[PDB]
Every structure is written in C-alpha cells, then in structure tokens.
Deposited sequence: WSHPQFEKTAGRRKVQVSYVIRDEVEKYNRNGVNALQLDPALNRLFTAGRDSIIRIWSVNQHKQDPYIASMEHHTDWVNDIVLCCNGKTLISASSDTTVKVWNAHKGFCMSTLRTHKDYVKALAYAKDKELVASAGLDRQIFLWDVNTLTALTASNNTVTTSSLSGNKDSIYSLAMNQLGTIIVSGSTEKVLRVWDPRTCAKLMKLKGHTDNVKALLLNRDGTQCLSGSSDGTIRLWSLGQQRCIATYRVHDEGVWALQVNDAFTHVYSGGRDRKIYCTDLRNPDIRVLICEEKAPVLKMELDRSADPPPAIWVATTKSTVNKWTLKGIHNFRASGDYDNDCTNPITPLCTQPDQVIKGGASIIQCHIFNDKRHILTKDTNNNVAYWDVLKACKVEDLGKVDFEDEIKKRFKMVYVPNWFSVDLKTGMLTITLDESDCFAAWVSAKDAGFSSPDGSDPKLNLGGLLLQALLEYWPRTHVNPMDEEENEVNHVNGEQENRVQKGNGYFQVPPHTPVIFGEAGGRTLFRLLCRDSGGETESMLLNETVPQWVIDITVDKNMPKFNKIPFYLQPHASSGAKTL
C-alpha cells in the first residue's frame, strides 16, 4: 500500500455558501430545488422560489475534494456524486445525507451520465474506466445485502472528461484527452464506434432521447454534431474563441446553449448557426449550465462558473441579451493566497474579497481578520526571524485552508513550550513536537487515545484543543481518500471502528501508545 496522510480543514461549522467554483448543477422541478456541486467539496441544496428571502436549504458534506459532477434521479429522491477524492457517493437527496460510498475508481472521478428511463448511472474518471450502476440496486443496499454488481466499459486510452447516456439507456458516450468520442451499448458493454474530429479534449456531451445524435464540446473551441447511425460528424460550430466546457440543448434539439473559457454564453440555432444570441457575458469561465425546463421554450438557464456565486439568466425576449442575472445564489470568498511564516505555525491569507486574515495552523483556527490591508506589506511587517523545519503542507483547492501531515516530516518541528505561548503546571519549559501535539488534538475524542487518571480522563495534548467541528481526513498519498469525520465524532461506534481500520501506525505511536518521538 501507499503512505497514509492525515489532513484537516480550517473552517466554520457551517459553510453556507460555496467557498470556490461550482462544477455541476441539477434541478428538482417538483420541489423547486437546485443542487450545486462545489469545488469546496460540498454539495448544497437551494430553493429556487424567487419569493423566498434566503434560498439555503442544506449542506451535503462527505467528499474531501472537488465534487466534479452530480445526477439527481429516482424522482429527486437520490443524488449520485463524483469527486476528485476518487469516490462515487449515493445520497438521500430529500433528507441530504450520504447512504454509501463506491470506491471502484482508482483516480479522480470526473463525470457522470444518466439514463432516466432505466434509472442507470455511469461514472468515469482519470483512471480511464467507466462503471455502470443500477441505482435501484444501489438504494436497496442493506447491511445484509452487502454485495453490489457493476460492469465496466474499457477502450479509453486516456483520461475521461465527459460522459453521456441517452434517456432510454441504449447508448453511452465518453469524451477524453484522446480527442475522440467512444461509444458503447451499456446493455451489452460492447464497443460500438470511435469518432474522430476534435483536435483537443472533449469536455461536454449531450445525446438526444434515441441516442442517434450527439453534441460534443471541446477545448479546441468547437461544438460538434455527430450522427451515430452514419458514425460521423455532420456539423461543426465555431462560436467561441477558447475551449467549450458546458452544453445544454432544448427539448426539441434545435438550439445549443454553450459556454466555456471565454465567458460568453450563446444560444446557437443548430440548423443555421449564423442565428446566434449572446445571452450574457458571465463574470468568469463557465463550467456547467442547467436549463430551466418548466416551459417550452425554456424560460431560463442556471450557470456555474469558477466563482462561488450561481446565477439564473432568463431567456425571455430571445427574438448581450440581458444585463444582470434574474436570480442570484450568493457565493463565499475563496482563499487564493497563503503565506507560511518562518515559525511554521502562523499563516497569512488573502481571499477573493481582498480581506486578509492571520491563522494558527497548530490550533486550527483564525487569530484575527485584518480586513483589506496590503497583503504583501502585511507579510513583511509580520516577518519572523526564526528557523523551524517544515512539518506540514497547505493546499487551497477547496477555497479553504487544508493542511496535510505526512509521516516523513510531521515530526520535524520541536519548539520550546514558552516560545510556543504555553506553560506547564509547575513553571516548566519542555520541548514540544508540533506535529505530535497536533495529532493528539485531532484525535482527542477517540477513546483509544484516552488515559485514565491516578476522577477525570486525560485527553489530547494537555496544551490546546482544535475546534470540535474540524474535519479530519485520512488518505493515501496521491491516492484514494479512506475516511473522513469531524473531530468531535471520534467517540462514535462506527467512527471508532473506522479509525482502528484507517489510522496508520505512525499516528498510533503518538496518539494511542504515547511515544512522542
């Protein structure tokens, strides 16, 4: 096996708004709900009743990296999600909780596809594999009915960035960095064809109801219409300056709604593409779009970008079209810059609202908000003339501070108690290991780490606690996420058992056996 690393996220208990871009959207027309799939790793449910003052319904937390795609299914009862954490999760979409986790992919899961008539979902990723999933089987998973059955489709020589199935469940198409569309019959798993034409990655796929026609969107800047009967490209539309990443098509299959790197969203007539309408220029690159299908013609389009806000643009008056969004779902700020001071303890950040903050990595918390001060000059001002060896790495993928601890350098940093801002019961100044202290705090609630007295049990490190809502994550270096939980839930029956299964020996040594190195 690979090395197992420990990670945690510095955040608030509720992250009501997306903290980074949004990769995918789904509408529940029945309940008037929108689901957003966050690059902050969180799925959120929103009310799209414009009457409502606050559209927030719920956060669906379980993934530990980008949620790249989602499929609402079973009359809105079930959500399936795909993530850069390598897993595909099954959720009760009405109640908003994770029911199971599928770990068959070896790498980032990039795309889902859905056949509504068969309630069949497919998942594809950077591992070049496609798996088919009967959702009604998946939702029937009891603890006794442990086993689940999946078939796979092979053929992709490269990483898969797009997947689509027709409504009937008779055609499935993948798009990849191979620059080709690969087509299978999902009933037989048989290779049907391989379609050439694109000169770059294929990022978006759409199929008509019959699975006879396909629209593809590519990084080469083109949209292509393919006939699967003739096994060829019948049309190529060039309506964008840069890569096309998101596509929708109306129910009649006559107009394509497209967006990507250049921010312009077009509604192009597929029969005469000289008739095209710029719906809007969006404030950032468009990642995904979801049509409102509550009427024909479609009244609006929901748009997801690399920013955290999600906008609804109306399409009425189609005969830039509109200046401002019709409906807006507020976005949170992403931390976009991070500086680790020479103490290897404090960090200064700047976010997308230009607000600057000072954080304590060891205690997993903010120290102060400085507001909109000069970021580079604040770094200079707070310069510390000390050396402390590196003992963690930082990453801003989620728009939040994620700290990772690795066996190789977690224990490198020793600091005196009084230099660290602590003291002992009897005026002492021992040497403390920062990583050792931190691991004990993250697993403070795990009863296997507790020590009975010589009245009150001794928990954690003796000097500080992390915030109890802090997510703690165990993962394979450059591999699969194994287990996630909140710090305060390690005492739970299932949580304790999974920590026994997942917490690696190098953490066990310090936290359970108390052998601070």
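Stretches of the deposited sequence absent from the structure, as judged by C-alpha coordinates, are 1-11, 331-347, 483-497, 561-580.
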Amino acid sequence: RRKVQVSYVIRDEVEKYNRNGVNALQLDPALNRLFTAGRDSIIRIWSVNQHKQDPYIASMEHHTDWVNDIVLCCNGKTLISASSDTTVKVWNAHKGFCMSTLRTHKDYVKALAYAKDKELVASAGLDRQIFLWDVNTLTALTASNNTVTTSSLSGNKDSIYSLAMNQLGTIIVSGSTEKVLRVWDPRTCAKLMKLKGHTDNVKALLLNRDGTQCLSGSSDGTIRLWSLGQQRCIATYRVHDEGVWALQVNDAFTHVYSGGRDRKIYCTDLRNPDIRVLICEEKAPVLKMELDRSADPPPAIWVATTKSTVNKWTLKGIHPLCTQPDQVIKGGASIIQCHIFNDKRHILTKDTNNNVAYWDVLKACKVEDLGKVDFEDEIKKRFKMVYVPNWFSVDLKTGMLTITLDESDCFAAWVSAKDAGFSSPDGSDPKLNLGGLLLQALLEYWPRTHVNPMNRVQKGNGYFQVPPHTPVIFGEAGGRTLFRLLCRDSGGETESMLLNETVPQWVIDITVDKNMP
From here on, numbers count along this sequence of modelled residues.
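Relative to its counterpart among 47-55 and 487-495, 47-55 has the higher mean temperature factor, C-alpha atoms as listed in the PDB entry. Two stretches are in play, 407-415 and 134-142, and the higher mean C-alpha B-factor belongs to 134-142. When the Cα B-factors of 363, 293, 203, 339 are read from the PDB record, 293 comes out highest.
Taking the deposited Cα B-factors for 454, 473, 466, 37, the highest one is held by 454. Per the PDB record, residue ranking by Cα B-factor puts residue 42 in the lowest third of the chain. In the deposited entry, the Cα temperature factor of residue 77 places it in the highest third of its chain's modelled residues. The entry lists a Cα temperature factor for residue 429 that places it in the highest third of the chain's modelled residues. Compared with the other modelled residues of the chain, the Cα B-factor recorded for residue 4 ranks in the middle third. In the deposited entry, the Cα temperature factor of residue 32 sits in the top third of values across the chain's modelled residues.
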